[PDB]
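The structure appears right after this line, and notes come after that.
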Amino acid sequence: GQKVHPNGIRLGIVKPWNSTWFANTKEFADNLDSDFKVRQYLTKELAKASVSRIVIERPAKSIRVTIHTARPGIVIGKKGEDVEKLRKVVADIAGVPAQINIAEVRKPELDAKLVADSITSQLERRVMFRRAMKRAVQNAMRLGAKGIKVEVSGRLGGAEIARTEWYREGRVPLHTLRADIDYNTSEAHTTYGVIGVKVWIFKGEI
Amino acid sequence: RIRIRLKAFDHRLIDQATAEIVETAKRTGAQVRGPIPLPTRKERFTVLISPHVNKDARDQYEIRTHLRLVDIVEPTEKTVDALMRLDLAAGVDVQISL
Amino acid sequence: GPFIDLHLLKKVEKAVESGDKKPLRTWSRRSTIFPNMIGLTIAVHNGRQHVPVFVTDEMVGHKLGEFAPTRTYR
Amino acid sequence: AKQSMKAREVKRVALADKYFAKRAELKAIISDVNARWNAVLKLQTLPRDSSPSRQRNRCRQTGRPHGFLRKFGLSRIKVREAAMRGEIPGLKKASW
RNA sequence: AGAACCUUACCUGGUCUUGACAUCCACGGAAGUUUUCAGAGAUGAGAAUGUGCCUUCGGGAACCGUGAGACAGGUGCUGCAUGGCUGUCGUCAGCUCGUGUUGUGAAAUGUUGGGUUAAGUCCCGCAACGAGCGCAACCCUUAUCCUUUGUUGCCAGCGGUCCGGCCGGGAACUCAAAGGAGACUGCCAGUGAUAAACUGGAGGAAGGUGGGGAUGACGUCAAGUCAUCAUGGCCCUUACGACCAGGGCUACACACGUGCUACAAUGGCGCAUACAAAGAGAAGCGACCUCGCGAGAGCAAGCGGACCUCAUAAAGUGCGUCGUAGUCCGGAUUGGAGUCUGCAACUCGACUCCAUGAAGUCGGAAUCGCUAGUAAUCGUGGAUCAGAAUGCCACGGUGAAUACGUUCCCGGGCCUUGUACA
C-alpha cells in the first residue's frame, strides 16, 4: 500500500549490509550476477536446514560465503558433504575460486525468515492459522524479542475475496529509523491462493 | 614512489585501511604524504517504482566511493617489505602507482 | 559508391545484366538508383507487396520508394 | 518478459560480437576516409543476421527491457528489489 | 528513462515443426575451423577442416545430427481470485486495545472541558489509570568554527623567479574530505491562571520544530502491473507458437491535455575586458596541431582520471548598429550543396554554408500555477543512448510583487441537531 522496505532505508543506518563486495565499472554488473546464482541456489538445498542469510564479500578474486544458520548439524551432512560440493558451484557458474564459511546464529525461532518460514511450514502442514498464529506469535514473546508484528495474507479458510490479519504485540517502532528490524516476508503455497506472511521483529534499541 | 590507491564505499571501512599502514607499515621508512581521500564519485539514479505510469518516482539511490591518494616515498628494506601481502579488509582492490 | 545493397545487387545483377525482363520482388527498397537502371523495374517491399516504381532519371536527389510507399492518404 | 525472448536473447547478443569483434577490423580502412569500393560493401551485407545495433540491453536476472540501467546491468523494479534485499553493496536511498 | 530492424506485443512475403530452448534417452559425429555455391536472408548444395581432452580405450565431458516421446513453447484472459509492488485522501492528525466503573444489556467513559500549538503538542480541570500506531527527534544535507594534513590543488609570509606555485618552502590564504562544538524560548522582561505556549531584548553565521530533504498510521477506494517475474482459474499446443527478409507504430484533413519560440521602451549584427558550481571518460575523453564556408576530415600528447580530455560559459560591461514599423521584430514554407552517423533514414537520421523573410503587434470566454536566492529569467551536465533532446533528471548567475481576511468556493475535519434510509 504505502510503505518503504525496512531494510532498504536502514542499510545507510546502523543495520549493516547483508552482502558487501566491491569492484569497478565494467565488472560491476557481472559480480552481483554471480552473487545471485548462489543465493537462488543455496535455498534449494538448505531449505529445511533453517536458512537465515547469505553474506558475500570480495577480498581478492574470491568470495567469503558467510552462511548464517540455526540448524547446522544437518548443514554439514556426513562431515564433508558440503565443504567442497558447495565450493564446486561457485568456481564456474559464478566464476569465483572461493571458500565456504558456515556459521550458526542461535535462537532458531527468532530470525526473520525463521519466524516467517515456520508458519509456512505449519501452513504447508495446513494447520489452523487461528491455532498457528497465536502460538507462533508467542514463540517470540517466549525467548525475548521485544515486540512482534505478524500479518498473514488472505485466501484463508474458505473464501475467494478474503481479508488481512494482524497480531500487533509489544512494540514495533519501524517508522522511527533507529530500530534494527529483522524483517523478511515469505510465501506459502497452499493450493487455493498465495497465502503470504509479513513478519516484523524488533531486536532492541541501539 | 609507492603511491597507494584504495576505492571503498564506506568511510567506516576505508578509515581502517590506514591503521593497517600508519603503524605496521610506517615507522620512519615511509615518507607519508597522507591518507587523503579527497574526491568522491557520487552516482544518483532516479529510477521509477511502479510497473506502470507514476509521473513522480521519489526513488533515488546513491554511492559515495572514496579515493585515498597515499603517496609514500621511501622504498625501504624494513617498512615497505611487510606491505605486499595486504588486502584488508572488505572489497579491496589495488591501484598502486609506480 | 552510391547506396546499393547485395540484397538487390543479387537482383540488379540478375536484372540489368540480361537486358529488360520480368521484375524482381525486391526486399531491399532503400537503395540509390544507378544511371543504367533507367527503364528497368526494381520493386519496393511495403510490408506485404513488392510494389514497383516507374524509374525516372529525375531520381538522383529523389529516391526509389516515393512512388511506391507503404501508406495511402485518400 | 515475453518468455520466448529469452530464447532470442542469446541469439541476438552472442553472435553480434562473435562475428563483429574482428571482422570490423578486417574492413576498417575502406569505407572510412582513407582513399571506396563495393567488394567491402559485398563483404558488408552478404549475410544480414549479425547486428551489433540490435542489442536492446535486456535485464540480467529476469529480463525486462524497459528501465534498464547502465552501471547496474539491471532494470526498473530489479534495481529496487536488489537494493531492498541488500543484494547491491553500498547503496542507500539518495538524500542530501 | 526513447520506434528503420530488434524492441513488437502489429501485419504479412519467407517459412521452422521435437523444434528457439530445456528436462529426457537413443545413435553417430570431438566440438570447432576454411570456403564455394544459391538465396532476400533464414534455410540451404555442401565440400573442406580437424579428431584435442577424460580415456584403467568398454565409454565419454560437451555440443555438432536426426530418428522417437513424455510435450518445450503463448508481452495470452479478470489485480472485480489473490502474492508482491502501487495512485489518492494525507504530513491531514488521526486511529483502536489491556485494566476501571457507570449501566439488564448492545455501548459509552479512555478520545470529552480551560485554552494552547504544525500537531491526540503540552499543561490546569479531568470518570479515569494505562499503554501501543501515528505528528515529533533518530537521519542526509547545507547556513559558520576548530582539529586532519598536504596530491593531480592552492601562495598569506619568505624568497630563486626564465611573474607561471614557475622553483624552494609553507599547511598558510583558500580549495579539497574525516571528525568535535554551538541552539535549549536557553537567558531576561512582559503576556497569559502563577500553566505550557508565546510577545521583545541580548548574542551569533544560527531563535522561537536553523532550513530543505528523507520518512506516508488504521485504512475507504472490485483503481494501478494477470504484459515483468510471480499468479488460484481459463486457455492457442504442425500453436493467443516458433523461425527470416521487410514494413508500420512518425498518414493528417485536424479537435484539444501540457510545454517551449515569438509578437520587441533591442533585434539582425559585428566587436574587447569579467568570472561559476555541478560534473563527465579505455568498444574512451579526445586535445597541441593541421583543418571544414559551416557542418566536418586528418594529427591525436596526456589522463586512466582536483594531472589529461571533456569545456570554462552566461545575462554583466566598453561600443555603435537599429526605432518599436510584419521588417531592419519574427520565424515559417518550398527546393537542393558539403561531410558526419550507422549494413541499414526516401517513406520514419539530425547538426550545417547561402538565398528563400509566412503565421504573430501579448491571444476572447476563461483556466492552471506559485510566499525568499521565492514565480520566474538566463547559464550547466546526466541518463534513455550505433546515431534521435524542445523535454526529463540534477547544478551556476541576476533578482522580484507582497500576506487584511475567512465572505464565497475547494478541501476538510472535528463538537453538537432532525428522517419509516442499511
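Just remember, in the C-alpha cells the first chain shown is A, the second B, etc., residues are 1-based per chain, and ligands are 1-based in the order shown.
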
- Task: Compile the residues of chain D that lie within 7 Å of chain B, evaluated using only C-alpha atoms, and express the compilation as a ChimeraX atom specification.
- Result: /D:76-77,90-94

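Of all the residues in chain C, the ones DSSP labels as helix (DSSP H, G or I) from the backbone are residues 6, 7, 8, 9, 35, 36, 37, 64, 65 and 66 of chain C.
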
- Query: Could you list, as number ranges by chain, every residue of chain D that has an atom within 10 Å of an atom of chain C, counting only C-alpha atoms?
  - Reply: D: 31, 36-38, 41-48

Any chance you can output those residues with N, CA and C atoms as a short mmCIF file (atom, residue, chain, number, x, y, z; two decimals), in the first residue's frame?
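In the end it all went to part-v6.cif:
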```cif
data_model
loop_
_atom_site.label_atom_id
_atom_site.label_comp_id
_atom_site.auth_asym_id
_atom_site.auth_seq_id
_atom_site.Cartn_x
_atom_site.Cartn_y
_atom_site.Cartn_z
N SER D 31 35.69 1.95 -46.18
CA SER D 31 34.59 2.91 -46.14
C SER D 31 34.90 4.14 -45.30
N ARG D 36 37.12 3.78 -51.95
CA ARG D 36 35.72 3.40 -51.80
C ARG D 36 35.34 2.38 -52.86
N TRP D 37 35.04 1.16 -52.43
CA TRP D 37 34.78 0.06 -53.35
C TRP D 37 33.59 -0.75 -52.86
N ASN D 38 33.03 -1.56 -53.76
CA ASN D 38 31.84 -2.34 -53.47
C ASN D 38 32.12 -3.76 -53.02
N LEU D 41 31.62 -3.56 -49.59
CA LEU D 41 30.17 -3.47 -49.49
C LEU D 41 29.50 -4.81 -49.78
N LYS D 42 30.11 -5.65 -50.63
CA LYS D 42 29.65 -7.03 -50.75
C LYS D 42 30.06 -7.84 -49.53
N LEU D 43 31.24 -7.57 -48.98
CA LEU D 43 31.64 -8.15 -47.70
C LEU D 43 30.75 -7.68 -46.55
N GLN D 44 30.18 -6.48 -46.66
CA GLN D 44 29.43 -5.88 -45.57
C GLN D 44 28.14 -6.64 -45.27
N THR D 45 27.32 -6.88 -46.29
CA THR D 45 26.00 -7.46 -46.08
C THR D 45 25.77 -8.61 -47.05
N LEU D 46 26.71 -9.56 -47.10
CA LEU D 46 26.36 -10.81 -47.77
C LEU D 46 25.58 -11.73 -46.83
N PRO D 47 25.81 -11.74 -45.47
CA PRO D 47 24.71 -12.14 -44.57
C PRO D 47 23.99 -10.92 -44.03
N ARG D 48 22.91 -11.11 -43.26
CA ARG D 48 22.26 -9.98 -42.59
C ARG D 48 22.19 -10.19 -41.08
#
```

Could you please select, counting only C-alpha atoms, the residues of chain A within 9 Å of chain D and state them as a CSV table (one decimal) with N, CA, C and O atoms, in the first residue's frame?
```csv
chain,number,residue,atom,x,y,z
A,5,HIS,N,10.6,-0.5,2.3
A,5,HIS,CA,11.1,-1.7,2.8
A,5,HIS,C,12.0,-1.4,4.0
A,5,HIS,O,13.0,-0.5,3.9
A,6,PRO,N,11.8,-2.0,5.2
A,6,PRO,CA,12.5,-1.5,6.4
A,6,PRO,C,14.0,-1.9,6.4
A,6,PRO,O,14.7,-1.4,7.3
A,7,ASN,N,14.5,-2.7,5.5
A,7,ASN,CA,15.9,-2.9,5.3
A,7,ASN,C,16.5,-1.8,4.5
A,7,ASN,O,17.5,-1.2,4.8
A,8,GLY,N,15.8,-1.4,3.3
A,8,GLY,CA,16.3,-0.5,2.3
A,8,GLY,C,16.6,0.9,2.8
A,8,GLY,O,17.5,1.6,2.3
A,9,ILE,N,15.8,1.3,3.8
A,9,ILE,CA,16.1,2.6,4.4
A,9,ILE,C,17.2,2.5,5.5
A,9,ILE,O,17.9,3.5,5.7
A,10,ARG,N,17.5,1.3,6.0
A,10,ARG,CA,18.4,1.2,7.2
A,10,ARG,C,19.7,0.6,6.8
A,10,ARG,O,20.5,0.5,7.7
A,11,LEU,N,20.0,0.3,5.5
A,11,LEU,CA,21.3,-0.1,5.2
A,11,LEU,C,22.3,1.1,5.2
A,11,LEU,O,23.5,1.0,5.5
A,12,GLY,N,21.8,2.3,5.0
A,12,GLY,CA,22.5,3.5,5.3
A,12,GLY,C,22.6,3.9,6.7
A,12,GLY,O,23.2,4.9,7.1
A,13,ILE,N,21.9,3.2,7.6
A,13,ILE,CA,21.8,3.4,9.0
A,13,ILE,C,22.5,2.1,9.6
A,13,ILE,O,23.0,1.3,8.8
A,16,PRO,N,23.5,-3.3,9.0
A,16,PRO,CA,24.6,-3.5,8.1
A,16,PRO,C,24.1,-4.2,6.8
A,16,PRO,O,23.1,-4.9,6.8
A,17,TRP,N,25.0,-4.1,5.8
A,17,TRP,CA,24.8,-4.8,4.5
A,17,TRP,C,24.8,-6.3,4.7
A,17,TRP,O,25.8,-6.8,5.3
A,18,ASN,N,23.8,-7.0,4.2
A,18,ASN,CA,23.9,-8.5,4.3
A,18,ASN,C,24.7,-9.1,3.1
A,18,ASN,O,24.7,-10.3,3.0
A,19,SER,N,25.3,-8.2,2.2
A,19,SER,CA,26.3,-8.6,1.3
A,19,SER,C,27.0,-7.4,0.9
A,19,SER,O,26.4,-6.3,0.6
A,20,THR,N,28.4,-7.4,0.9
A,20,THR,CA,29.1,-6.2,0.5
A,20,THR,C,30.4,-6.6,-0.2
A,20,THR,O,31.5,-6.8,0.5
A,21,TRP,N,30.4,-6.6,-1.5
A,21,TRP,CA,31.6,-6.8,-2.3
A,21,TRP,C,32.0,-5.5,-2.9
A,21,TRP,O,31.2,-4.5,-2.8
A,22,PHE,N,33.1,-5.4,-3.5
A,22,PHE,CA,33.5,-4.2,-4.3
A,22,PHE,C,34.2,-4.5,-5.6
A,22,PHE,O,35.0,-5.5,-5.6
A,25,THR,N,33.8,-0.6,-12.8
A,25,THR,CA,32.7,-0.2,-13.6
A,25,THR,C,32.2,-1.4,-14.5
A,25,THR,O,31.0,-1.7,-14.5
A,26,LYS,N,33.1,-2.0,-15.3
A,26,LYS,CA,32.6,-3.0,-16.3
A,26,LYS,C,32.2,-4.3,-15.6
A,26,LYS,O,31.1,-4.9,-16.0
A,28,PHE,N,31.1,-4.4,-12.6
A,28,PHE,CA,30.2,-4.1,-11.5
A,28,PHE,C,28.8,-4.7,-11.7
A,28,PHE,O,28.1,-4.9,-10.7
A,29,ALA,N,28.5,-5.1,-12.9
A,29,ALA,CA,27.2,-5.7,-13.1
A,29,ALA,C,27.4,-7.3,-13.2
A,29,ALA,O,26.4,-8.0,-13.1
A,30,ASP,N,28.6,-7.7,-13.4
A,30,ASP,CA,28.8,-9.2,-13.5
A,30,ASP,C,29.1,-9.8,-12.2
A,30,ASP,O,29.2,-11.1,-12.1
A,32,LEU,N,27.6,-9.1,-8.9
A,32,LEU,CA,26.3,-9.4,-8.3
A,32,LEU,C,25.5,-10.3,-9.2
A,32,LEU,O,24.5,-10.9,-8.7
A,33,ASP,N,25.8,-10.4,-10.5
A,33,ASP,CA,25.3,-11.5,-11.3
A,33,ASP,C,25.7,-12.8,-10.7
A,33,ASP,O,24.9,-13.7,-10.5
A,35,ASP,N,26.6,-13.3,-7.7
A,35,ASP,CA,26.1,-13.4,-6.3
A,35,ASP,C,24.6,-13.8,-6.3
A,35,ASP,O,24.1,-14.1,-5.2
A,36,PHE,N,24.0,-13.7,-7.4
A,36,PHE,CA,22.5,-14.1,-7.5
A,36,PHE,C,22.4,-15.5,-7.7
A,36,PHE,O,21.5,-16.2,-7.1
A,37,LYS,N,23.2,-16.1,-8.6
A,37,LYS,CA,23.1,-17.6,-8.9
A,37,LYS,C,23.5,-18.5,-7.7
A,37,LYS,O,23.1,-19.7,-7.7
```

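With only C-alpha atoms (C1' of nucleotides) taken into account, the protein and nucleic acid residues at most 12 Å from residue 54 of chain C (excluding it and anything under 6 positions from it in its own chain) are residues 23, 33, 37, 38, 39, 40, 41, 42, 43, 44, 63, 64, 65, 66, 67 and 68 of chain C.
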
Store the residues picked out above, limited to C-alpha atoms, as a PDB file, in the first residue's frame.
```pdb
ATOM      1  CA  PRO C  23      10.787  -7.984 -62.473  1.00  0.00           C
ATOM      2  CA  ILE C  33      19.401   4.376 -58.382  1.00  0.00           C
ATOM      3  CA  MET C  37      18.689   1.397 -64.033  1.00  0.00           C
ATOM      4  CA  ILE C  38      16.584   3.647 -66.289  1.00  0.00           C
ATOM      5  CA  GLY C  39      13.792   1.697 -67.965  1.00  0.00           C
ATOM      6  CA  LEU C  40      14.411  -1.201 -65.595  1.00  0.00           C
ATOM      7  CA  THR C  41      11.888  -2.042 -62.877  1.00  0.00           C
ATOM      8  CA  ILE C  42      13.004  -2.778 -59.308  1.00  0.00           C
ATOM      9  CA  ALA C  43      10.163  -3.163 -56.836  1.00  0.00           C
ATOM     10  CA  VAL C  44       9.627  -1.794 -53.320  1.00  0.00           C
ATOM     11  CA  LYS C  63      14.754   8.229 -54.412  1.00  0.00           C
ATOM     12  CA  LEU C  64      13.029   4.985 -55.294  1.00  0.00           C
ATOM     13  CA  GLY C  65      10.231   4.244 -52.836  1.00  0.00           C
ATOM     14  CA  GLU C  66       8.340   7.537 -53.120  1.00  0.00           C
ATOM     15  CA  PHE C  67       6.091   6.366 -55.962  1.00  0.00           C
ATOM     16  CA  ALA C  68       5.621   3.022 -54.143  1.00  0.00           C
TER      17      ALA C  68
END
```

- Task: Skip residue 148 of chain E itself and residues of its chain fewer than 3 positions away, then list as a list in words all residues within 10 Å of it, counting only C-alpha atoms (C1' of nucleotides).
- Result: residues 34, 35 and 36 of chain B; 177, 178 and 179 of chain E

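Taking only C-alpha atoms (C1' of nucleotides), the non-local environment of residue 196 of chain A within 10 Å (same-chain residues fewer than 5 positions away omitted) comprises residues 116, 119, 120, 151, 152, 153, 154, 155, 185, 186, 187, 188, 189 and 190 of chain A; 83 and 84 of chain E.
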
Could you please take those selected residues and save C-alpha atoms (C1' of nucleotides) as a PDB file, in the first residue's frame?
```
ATOM      1  CA  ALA A 116       8.307 -16.488   8.552  1.00  0.00           C
ATOM      2  CA  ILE A 119       4.392 -20.630   9.771  1.00  0.00           C
ATOM      3  CA  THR A 120       4.648 -21.571   6.093  1.00  0.00           C
ATOM      4  CA  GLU A 151       0.225 -10.268   9.121  1.00  0.00           C
ATOM      5  CA  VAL A 152      -0.992 -13.383   7.339  1.00  0.00           C
ATOM      6  CA  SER A 153      -2.206 -12.762   3.793  1.00  0.00           C
ATOM      7  CA  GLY A 154      -5.655 -13.841   2.649  1.00  0.00           C
ATOM      8  CA  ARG A 155      -7.302 -16.783   0.871  1.00  0.00           C
ATOM      9  CA  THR A 185       8.396 -11.646   4.033  1.00  0.00           C
ATOM     10  CA  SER A 186       7.806 -15.226   2.991  1.00  0.00           C
ATOM     11  CA  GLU A 187       5.271 -17.065   0.842  1.00  0.00           C
ATOM     12  CA  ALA A 188       3.355 -20.299   1.472  1.00  0.00           C
ATOM     13  CA  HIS A 189       1.925 -22.213  -1.494  1.00  0.00           C
ATOM     14  CA  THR A 190      -1.306 -23.594  -0.165  1.00  0.00           C
TER      15      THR A 190
ATOM     16  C1'   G E  83       1.077 -12.753  -3.827  1.00  0.00           C
ATOM     17  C1'   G E  84       4.367  -8.712  -4.017  1.00  0.00           C
TER      18        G E  84
END
```

Select from chain E every residue with an atom at most 6 Å from any atom of chain A, then for each give the shortest pair of atoms and their distance in Å to one decimal, using only C-alpha atoms (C1' of nucleotides), rows by chain and rising number, as a tab-separated table.
```
residue	atom	partner	partner_atom	distance
E:81	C1'	A:160	CA	5.7
E:82	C1'	A:193	CA	5.6
E:83	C1'	A:194	CA	5.3
E:138	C1'	A:178	CA	5.9
E:232	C1'	A:192	CA	4.9
```

Take the residues from that selection and put them in a file with N, CA and C atoms (P, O5', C5', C4', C3', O3' and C1' of nucleotides), as a PDB file, in the first residue's frame.
```pdb
ATOM      1  P     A E  81     -11.782 -11.796 -10.416  1.00  0.00           P
ATOM      2  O5'   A E  81     -11.781 -13.017  -9.402  1.00  0.00           O
ATOM      3  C5'   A E  81     -12.171 -12.816  -8.050  1.00  0.00           C
ATOM      4  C4'   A E  81     -11.286 -13.591  -7.113  1.00  0.00           C
ATOM      5  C3'   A E  81     -10.197 -12.799  -6.403  1.00  0.00           C
ATOM      6  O3'   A E  81     -10.643 -12.126  -5.238  1.00  0.00           O
ATOM      7  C1'   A E  81      -9.265 -14.757  -7.341  1.00  0.00           C
ATOM      8  P     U E  82      -9.662 -11.112  -4.460  1.00  0.00           P
ATOM      9  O5'   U E  82      -8.781 -12.033  -3.490  1.00  0.00           O
ATOM     10  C5'   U E  82      -7.574 -11.550  -2.909  1.00  0.00           C
ATOM     11  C4'   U E  82      -6.443 -12.549  -3.018  1.00  0.00           C
ATOM     12  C3'   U E  82      -5.042 -11.955  -3.018  1.00  0.00           C
ATOM     13  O3'   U E  82      -4.542 -11.653  -1.729  1.00  0.00           O
ATOM     14  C1'   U E  82      -5.227 -13.459  -4.813  1.00  0.00           C
ATOM     15  P     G E  83      -3.432 -10.503  -1.565  1.00  0.00           P
ATOM     16  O5'   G E  83      -2.071 -11.192  -2.035  1.00  0.00           O
ATOM     17  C5'   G E  83      -1.558 -12.342  -1.377  1.00  0.00           C
ATOM     18  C4'   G E  83      -0.164 -12.681  -1.842  1.00  0.00           C
ATOM     19  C3'   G E  83       0.844 -11.552  -1.796  1.00  0.00           C
ATOM     20  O3'   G E  83       1.330 -11.312  -0.490  1.00  0.00           O
ATOM     21  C1'   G E  83       1.077 -12.753  -3.827  1.00  0.00           C
ATOM     22  P     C E 138      17.286  15.047  15.624  1.00  0.00           P
ATOM     23  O5'   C E 138      17.510  13.466  15.539  1.00  0.00           O
ATOM     24  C5'   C E 138      17.845  12.720  16.703  1.00  0.00           C
ATOM     25  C4'   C E 138      17.944  11.231  16.447  1.00  0.00           C
ATOM     26  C3'   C E 138      18.755  10.786  15.249  1.00  0.00           C
ATOM     27  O3'   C E 138      20.147  10.842  15.484  1.00  0.00           O
ATOM     28  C1'   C E 138      16.796   9.452  15.470  1.00  0.00           C
ATOM     29  P     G E 232      -1.501 -20.555  -9.783  1.00  0.00           P
ATOM     30  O5'   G E 232      -2.898 -21.173  -9.331  1.00  0.00           O
ATOM     31  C5'   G E 232      -3.076 -21.690  -8.021  1.00  0.00           C
ATOM     32  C4'   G E 232      -4.437 -21.350  -7.464  1.00  0.00           C
ATOM     33  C3'   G E 232      -5.643 -21.764  -8.294  1.00  0.00           C
ATOM     34  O3'   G E 232      -5.983 -23.131  -8.160  1.00  0.00           O
ATOM     35  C1'   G E 232      -5.920 -19.541  -7.588  1.00  0.00           C
TER      36        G E 232
END
```

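Residue nearest chain C within the list E:158, E:38, E:202, E:146: E:38 [criterion: smallest interatomic distance, only C-alpha atoms (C1' of nucleotides)].
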
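Across C:14, C:21, C:8, C:57, the tightest approach to chain E is made by C:8 when counting only C-alpha atoms (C1' of nucleotides).
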
Can you write out as a tab-separated table which residues of chain D fall within 9 Å of chain E, alongside each residue's closest atom pair and its distance in Å to one decimal, counting only C-alpha atoms (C1' of nucleotides) and ordering rows by chain and ascending residue number?
```
residue	atom	partner	partner_atom	distance
D:1	CA	E:228	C1'	5.3
D:2	CA	E:75	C1'	4.9
D:3	CA	E:75	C1'	8.5
D:4	CA	E:20	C1'	7.5
D:5	CA	E:20	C1'	8.8
D:6	CA	E:21	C1'	8.5
D:7	CA	E:20	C1'	5.3
D:8	CA	E:20	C1'	6.8
D:11	CA	E:20	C1'	8.6
D:12	CA	E:6	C1'	8.2
D:21	CA	E:283	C1'	8.7
D:33	CA	E:297	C1'	7.7
D:41	CA	E:343	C1'	8.1
D:44	CA	E:343	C1'	6.0
D:45	CA	E:343	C1'	5.6
D:46	CA	E:41	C1'	8.8
D:47	CA	E:41	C1'	6.6
D:48	CA	E:41	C1'	6.2
D:49	CA	E:41	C1'	7.3
D:51	CA	E:343	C1'	8.7
D:52	CA	E:386	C1'	8.0
D:53	CA	E:386	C1'	5.8
D:54	CA	E:6	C1'	4.8
D:55	CA	E:6	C1'	6.8
D:56	CA	E:7	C1'	6.7
D:62	CA	E:229	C1'	6.4
D:63	CA	E:228	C1'	7.7
D:64	CA	E:228	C1'	5.6
D:65	CA	E:7	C1'	7.9
D:66	CA	E:1	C1'	7.9
D:67	CA	E:1	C1'	5.8
D:68	CA	E:1	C1'	8.0
D:69	CA	E:383	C1'	8.6
D:70	CA	E:383	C1'	8.4
D:77	CA	E:228	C1'	8.4
D:93	CA	E:214	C1'	8.2
D:94	CA	E:140	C1'	8.0
D:95	CA	E:140	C1'	5.0
D:96	CA	E:141	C1'	4.3
```

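Using only C-alpha atoms (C1' of nucleotides), the chain E residues found within 6 Å of chain B amount to residues 86, 176, 177 and 225 of chain E.
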
Keeping only N, CA, C and O atoms (P, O5', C5', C4', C3', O3' and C1' of nucleotides), take the residues you just selected and write them out as a PDB file, in the first residue's frame.
```
ATOM      1  P     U E  86       5.699   0.111  -3.074  1.00  0.00           P
ATOM      2  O5'   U E  86       4.495   0.625  -3.986  1.00  0.00           O
ATOM      3  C5'   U E  86       4.755   1.375  -5.161  1.00  0.00           C
ATOM      4  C4'   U E  86       3.505   1.745  -5.922  1.00  0.00           C
ATOM      5  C3'   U E  86       2.556   2.706  -5.236  1.00  0.00           C
ATOM      6  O3'   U E  86       2.989   4.048  -5.338  1.00  0.00           O
ATOM      7  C1'   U E  86       1.335   0.949  -6.262  1.00  0.00           C
ATOM      8  P     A E 176      35.562  23.084  -1.920  1.00  0.00           P
ATOM      9  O5'   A E 176      36.416  21.740  -1.855  1.00  0.00           O
ATOM     10  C5'   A E 176      36.641  20.954  -3.015  1.00  0.00           C
ATOM     11  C4'   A E 176      37.721  19.930  -2.778  1.00  0.00           C
ATOM     12  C3'   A E 176      37.386  18.838  -1.776  1.00  0.00           C
ATOM     13  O3'   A E 176      36.663  17.775  -2.372  1.00  0.00           O
ATOM     14  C1'   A E 176      39.514  19.742  -1.277  1.00  0.00           C
ATOM     15  P     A E 177      35.340  17.182  -1.676  1.00  0.00           P
ATOM     16  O5'   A E 177      35.885  16.423  -0.388  1.00  0.00           O
ATOM     17  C5'   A E 177      35.065  15.500   0.321  1.00  0.00           C
ATOM     18  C4'   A E 177      35.897  14.488   1.069  1.00  0.00           C
ATOM     19  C3'   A E 177      35.242  13.891   2.313  1.00  0.00           C
ATOM     20  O3'   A E 177      35.757  12.569   2.509  1.00  0.00           O
ATOM     21  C1'   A E 177      37.184  15.046   2.942  1.00  0.00           C
ATOM     22  P     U E 225      -2.836  -2.020 -15.050  1.00  0.00           P
ATOM     23  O5'   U E 225      -1.466  -2.257 -15.816  1.00  0.00           O
ATOM     24  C5'   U E 225      -0.241  -1.869 -15.230  1.00  0.00           C
ATOM     25  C4'   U E 225       0.623  -3.058 -14.921  1.00  0.00           C
ATOM     26  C3'   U E 225      -0.039  -4.418 -15.047  1.00  0.00           C
ATOM     27  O3'   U E 225      -0.189  -4.887 -16.374  1.00  0.00           O
ATOM     28  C1'   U E 225       1.133  -4.323 -13.013  1.00  0.00           C
TER      29        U E 225
END
```

- chain A contacts on chain B, only C-alpha atoms, 7 Å, as a PyMOL selection string: chain B and resi 87+89-92
